[PDB]
> 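Let me begin by handing over the structure; questions about it come next.
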Amino acid sequence: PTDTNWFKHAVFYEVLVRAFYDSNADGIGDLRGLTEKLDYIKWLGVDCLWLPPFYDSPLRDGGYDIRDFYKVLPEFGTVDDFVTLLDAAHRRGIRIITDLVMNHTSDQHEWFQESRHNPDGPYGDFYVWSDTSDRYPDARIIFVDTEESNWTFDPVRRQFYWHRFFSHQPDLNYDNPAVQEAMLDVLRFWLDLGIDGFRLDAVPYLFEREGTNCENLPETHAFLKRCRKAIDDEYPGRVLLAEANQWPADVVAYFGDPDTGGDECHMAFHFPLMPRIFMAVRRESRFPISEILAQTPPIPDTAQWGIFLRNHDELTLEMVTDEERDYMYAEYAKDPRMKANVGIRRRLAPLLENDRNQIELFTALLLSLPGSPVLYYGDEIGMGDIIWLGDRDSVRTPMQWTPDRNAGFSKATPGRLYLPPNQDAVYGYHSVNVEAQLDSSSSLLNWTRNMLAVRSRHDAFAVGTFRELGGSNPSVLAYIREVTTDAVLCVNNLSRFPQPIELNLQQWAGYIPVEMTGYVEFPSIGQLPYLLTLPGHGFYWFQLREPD
Amino acid sequence: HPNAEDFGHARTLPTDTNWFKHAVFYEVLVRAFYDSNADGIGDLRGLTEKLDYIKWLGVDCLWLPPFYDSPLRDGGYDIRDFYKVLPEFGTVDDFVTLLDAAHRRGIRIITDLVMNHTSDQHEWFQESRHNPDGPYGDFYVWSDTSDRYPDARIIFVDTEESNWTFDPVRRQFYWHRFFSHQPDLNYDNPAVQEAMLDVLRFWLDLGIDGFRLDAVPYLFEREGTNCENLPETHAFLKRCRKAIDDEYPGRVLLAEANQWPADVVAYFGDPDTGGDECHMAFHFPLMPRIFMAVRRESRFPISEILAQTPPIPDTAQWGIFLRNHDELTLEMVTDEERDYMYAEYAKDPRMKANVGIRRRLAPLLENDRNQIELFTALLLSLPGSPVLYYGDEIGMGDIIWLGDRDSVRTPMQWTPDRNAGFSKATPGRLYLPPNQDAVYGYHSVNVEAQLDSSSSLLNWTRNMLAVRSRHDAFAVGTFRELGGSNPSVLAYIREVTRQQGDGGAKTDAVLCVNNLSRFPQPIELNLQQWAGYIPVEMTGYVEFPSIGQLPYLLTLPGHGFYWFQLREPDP
Ligand SMILES: C[C@H]1O[C@H](O[C@H]2[C@H](O)[C@@H](O)[C@@H](O[C@H]3[C@H](O)[C@@H](O)[C@@H](O)O[C@@H]3CO)O[C@@H]2CO)[C@H](O)[C@@H](O)[C@@H]1N[C@H]1C=C(CO)[C@@H](O)[C@H](O)[C@H]1O
Ligand SMILES: [Ca+2]
Ligand SMILES: [Ca+2]
Ligand SMILES: [Cl-]
Ligand SMILES: [Cl-]
Ligand SMILES: [Cl-]
Ligand SMILES: [Cl-]
Ligand SMILES: [Cl-]
Ligand SMILES: [Cl-]
Ligand SMILES: [Cl-]
Ligand SMILES: [Mg+2]
Ligand SMILES: [Mg+2]
């Protein structure tokens, strides 16, 4: 049932098929397992699942190296299990989007094997081949510590092929019109199955051109317009999300032509948000947050920013920044917490040293700042990570359902699990798990669920305007979200100590602030500045109720 | 009996007749704190080694439950020799060494002393029953029948069939308010009175800073009375206070009288002399009332017991603590006639389940950190001298199956090492085991783990004690409850009467605001008398807007609290 704005009102939940629930005791999470846990997901109150790549893959780069776009990784199930999942989610009002890597395939993909073995055949030009490694010299090597070059010599074809990512991930040749059609057909295949949309990954790198750094080319945007057009024409109500790990000013291009109301991606991610919030709290100053928001350009009214509490892009493990436009550019390296975690994904609780007050503060900001928020699976119970598993796999350990064997994720033997659960005294499944948190109304899980329920009752959080209120105290960030008569006031203390703030709310004189969890009515707003007092790292949400 | 001279003595601190009013006490069991000799049992030498932690924490006086020689049938409240420490704990010499080391750091020590009764293994009782016409013949209360004092209740009614027990050797009944193995001393025998004063003098000569006198309401019995709170009992307490003040100025007597506050006031003595009995007594109903105030999200249960608490002598001070039960009898104080919450405790399922069992703070509050902070804030800011129980500062749990008292007497959890770092002995030799569950176990909850993060409960508690220590109003200030629009919020101001050295933050008034609701609450306060003053929040030192003629609006998160110094305005 089409609702062309659903993505603006959605809370997304990024969940890995491999990690959520193993229904068949092979030690690996699967589609049937995820289907069996949909009642939990509905109960939590999220609106759309975001599944990282689950296609057939040799898994040398986390499944971002795809061997077959048309096939589910066999240990997850088949496309039939995927449709079962889709139907069960839809039946509960939950949508599903997935990652789709557009720039490159695994070298195990049959297209590449045909390209190298049969250069004269129909796949001969499906990839970017050269007698020399000299072309495109201005393109940086993304994985500079691992790849000596963006060109690799193939021993079968005896020419170099191009890859922006690892050598086992050859780039598709988008100047070949058969490649463009083949990739459009991949989109249609999953859309026909009923998927609600895609996050398109690595799209800034589609086209290469001499004289350029081979990112963000106009031909790249042109292909994205084809994708959007195919969606608009054939599957209305579906969504395209861009993964462009760039400064927000540069990302706005990915929404497309403003005069059209946006003709490329419906959404794109605002990557610098979490690094700025993290630094605002470290510095006890609202300015890193105020500034990043104020400097973010307007986007088409059809579009929406995606936001999440992570410091790194999951594809490249890089944190966005900009020498010229980021006033905090040199500051990140001066923070020992940021410095220790460079290039490693970490979960929310570990990022905040398990401080429950800060977890709540960061989560409140995620749920009230402009954009559609993405929650990462397990953050709602305060799961930890295991950094030694890898820069990405750190945060991909099994969902911790119960304090039972394997955290209740699987009936297999522990040695057969795809990755082990946390076992330490702080984050281990004996103390951190869904079951333990279900009872108390004061658990992080129940708190998170309640915050989602509150957010869902106020359209202002999803699509409202954003007005930062300033105020006497630079340690406090206060703002109003407004839709036109749903008006909400959010006040956030970035300081570890109690703070007073006096706000000029004269425009809303007469209005009565009603705090959104206890529904207590606060003193009516007058002509004098309104005094609010917050504990360290505290926050309040108020509905601004019109007078009688 | 040993003769004091035969031992060393601790060096005395400069006498300070009001030290106990400013003190935060720390109740710590010798058996539980630290085992220095790998026998699985905490000891005096071990406690001495841990004085550095105690000093760092910032408490002013240790309160040690009984450590005398005892067969330990009733937790050591059954004393076999008043002049001897239980051998597993060490000797009198070790106690003197502990006292000296504590005194070096400015830390005092008091101990429990049971006045009403001894173990039946005490030699006085063995002599009393074997040799009736000897000098101990009337040291206890003997009778040919079990008919005397019928109006006295049986305290342990589910265990003891009578307050009289027939002795097989003497063939007469002897009286005991507590268990049958704890015969009552006969205070009508002046030799008993002198013997007990001699016990006090023994420990005072060694250098102890005072005593909590246990079971004192039950000293004397008289026909036609319920045998509690008799005039002769109070008269004996005046002797103890007289001996204390004449011979050892600057020491303290605390009364353990588990009674309604209007009734325990008598234990401070004659108000006309400024108080001539105990310097201190416990305000037992405070925690049950705070507990109820939070359960009902209303300030009134707290407001009311405070308002109904009668004034006490100028030299005197209430003791307060976050427990619902007296450790001696495991009873919660109540009063059918005078407690308006009398029937309400039995309606609360948490209160109900824990009847007669000591529980630690974190377990009482289901490990809710915000509530632990709220209750701790109240303990540290309400009138009285507070007692912290060892381990509550790190959020230790308890083990209820160990017994109604032993639940809270498990080893101090120092580290996540073997035996929680309490001992090098094998685990099977520990006097009691540490908590081992996922919530409160020593792998998760221990001092070492909390020392690092400035956001741990330990560091928070230590900072709160530091803040309290720098503001006299918390210790000896007046108490002015402020009312307010919102019944869910308890607000009060505490003030020092000046003199000598005037201002400074140390003597400025303090404002405390406490949210008993689990939801954010506004409160508007009429603080017009403090117009112009600037509230400065005590932990972060942020200046809040100056007080004016309008009501002052403060907003609190669920279960939150603020402490403010009221600073006088610039001229
Ligand atoms: C997020 C919020 O969680 C908690 O709030 C909940 C309660 O503690 C539960 O008892 C439950 O309350 C209700 C009764 O059970 C039900 O009978 C109903 O009719 O009355 C209640 C409905 O108000 O549910 C509560 C939420 O509805 C925790 O207590 C609370 O303080 C936490 N609050 C924060 C959220 C916001 C955003 O509005 C901020 O304003 C706050 O400062 C946060 O602290
Ligand atoms: Ca490319
Ligand atoms: Ca007696
Ligand atoms: Cl996966
Ligand atoms: Cl398939
Ligand atoms: Cl990402
Ligand atoms: Cl991250
Ligand atoms: Cl002991
Ligand atoms: Cl007690
Ligand atoms: Cl208790
Ligand atoms: Mg499986
Ligand atoms: Mg020992």
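Lettering follows sequence order; numbering is per chain, from 1. Atoms within a ligand are numbered from 1 in the order they appear, just like the ligands themselves. Atoms considered below: every heavy atom in the structure, side chains included; atoms not considered: hydrogens, waters and symmetry mates.
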> Just checking, A:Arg347 and A:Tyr377: is the charged tip under 6.0 Å from the six-membered ring centre and within 45° of the axis?
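Yes, cation above the ring, under 6.0 Å and within 45°.
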> Can you confirm if the NZ or CZ of A:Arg310 lies within 45° of the ring axis of A:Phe269 and under 6.0 Å from the centre of its six-membered ring?
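Output no; distance or angle outside limits.
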> Is the closest heavy-atom distance from A:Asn450 to ligand 1 below 4.0 Å?
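Yes, A:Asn450 has heavy atoms under 4.0 Å from ligand 1.
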> Would you mind telling me if ligand 1 is within reach of the side chain of A:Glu360, the backbone, both or neither, using heavy atoms under 4.0 Å?
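For A:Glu360, no heavy atom sits under 4.0 Å from ligand 1.
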> Less than 3.5 Å between some nitrogen or oxygen of B:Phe519 and one of ligand 1, yes or no?
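N/O-N/O distance below 3.5 Å does not exist for this pair.
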> Got the closest protein heavy atom to atom 44 (O) of ligand 1, with its distance?
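I find the closest protein heavy atom is A:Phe539 O, 4.5 Å.
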> Does the gap between the ring centers of A:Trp508 and A:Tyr530 come in under 6.0 Å?
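A:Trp508 vs A:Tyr530: aromatic centres not under 6.0 Å.
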> Are any non-hydrogen protein atoms located under 4.0 Å from atom 19 (O) of ligand 1?
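Under the 4.0 Å cut-off, atom 19 (O) of ligand 1 has no protein heavy-atom neighbours at all.
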> Any protein heavy-atom neighbour for atom 24 (O) of ligand 1 (distance below 4.0 angstrom)?
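Under 4.0 Å from atom 24 (O) of ligand 1, zero protein heavy atoms found.
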> By number and element, which atoms of ligand 1 are closer than 4.0 Å to a non-hydrogen atom of A:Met516?
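This gives 38 (O) as the contact atoms.
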> Can an N or O of A:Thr517 be found at a distance shorter than 3.5 Å from an N or O of ligand 1?
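Looking only at distances, the answer is yes, because the N/O contact criterion of under 3.5 Å is met.
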> Which is closest to atom 28 (C) of ligand 1 by heavy-atom distance: B:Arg518, A:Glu515, B:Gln521?
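When every heavy atom of B:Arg518, A:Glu515, B:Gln521 is considered, B:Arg518 comes closest to atom 28 (C) of ligand 1.
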> Taking the six-membered ring for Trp and the full ring for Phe, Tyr or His, determine whether the centres of A:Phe82 and A:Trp190 are under 6.0 Å apart.
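When the ring centroids of A:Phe82 and A:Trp190 are compared, they turn out to be within the sub-6.0 Å range.
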> For atom CZ of A:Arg416, is the number of surrounding heavy atoms from other residues, nucleotides or ligands below 6.0 Å larger than 12?
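Count not over threshold, so no.
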> Does NZ or CZ of A:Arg95 lie under 6.0 Å from the centre of the six-membered ring of A:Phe12, at an angle within 45° of the ring axis?
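The answer is no; the distance or angle limit is not met.
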> Does the residue B:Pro557 have a heavy-atom contact with ligand 1, meaning some pair of atoms that are separated by less than 4.0 Å?
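No, that is not the case, since the closest heavy atom of the residue is not under 4.0 Å from the ligand.
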> Please list, in number order, the atoms of ligand 1 under 4.0 Å from a heavy atom of A:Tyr519.
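Counting atoms of ligand 1 from 1, those under 4.0 Å from A:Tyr519 are 22 (C), 23 (O).
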> Under the ring-ring contact (aromatic ring centres under 6.0 Å, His included) test against A:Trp541, which residue among A:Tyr479, A:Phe522, A:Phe461 passes?
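One option only clears the test, and that one is A:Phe461.
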> Do you see a protein non-hydrogen atom under 4.0 Å from atom 16 (C) of ligand 1?
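Given the 4.0 Å cut-off, atom 16 (C) of ligand 1 does not count as touching protein heavy atoms.
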> Does atom CZ of A:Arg392 have more than 12 heavy-atom neighbours from other groups under 6.0 Å away?
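Atom CZ in A:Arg392 is crowded, with more than 12 foreign heavy atoms closer than 6.0 Å.
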> State the OG1-CG distance between A:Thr84 and A:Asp80, to the nearest 0.5 angstrom.
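Separation between the atoms: 7.0 Å.
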> Purely on distance, is any nitrogen or oxygen of A:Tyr540 under 3.5 Å from one on ligand 1?
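In this structure, A:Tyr540 places no N or O atom under 3.5 Å from an N or O of ligand 1.
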> Kindly state if atom 4 (C) of ligand 1 has a protein heavy atom within a strict 4.0 Å cut-off, that is, under 4.0 Å?
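Looking at atom 4 (C) of ligand 1, one finds that no protein heavy atom lies closer than 4.0 Å.
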> Below 6.0 angstrom between ring centroids: does that apply to A:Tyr70 and A:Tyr55?
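Aromatic pair excluded; centres sit 6.0 Å or further apart.
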> Where is the nearest protein heavy atom to atom 37 (C) of ligand 1: which residue, which atom, and how far?
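I find the closest protein heavy atom is A:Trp541 CB, 3.4 Å.
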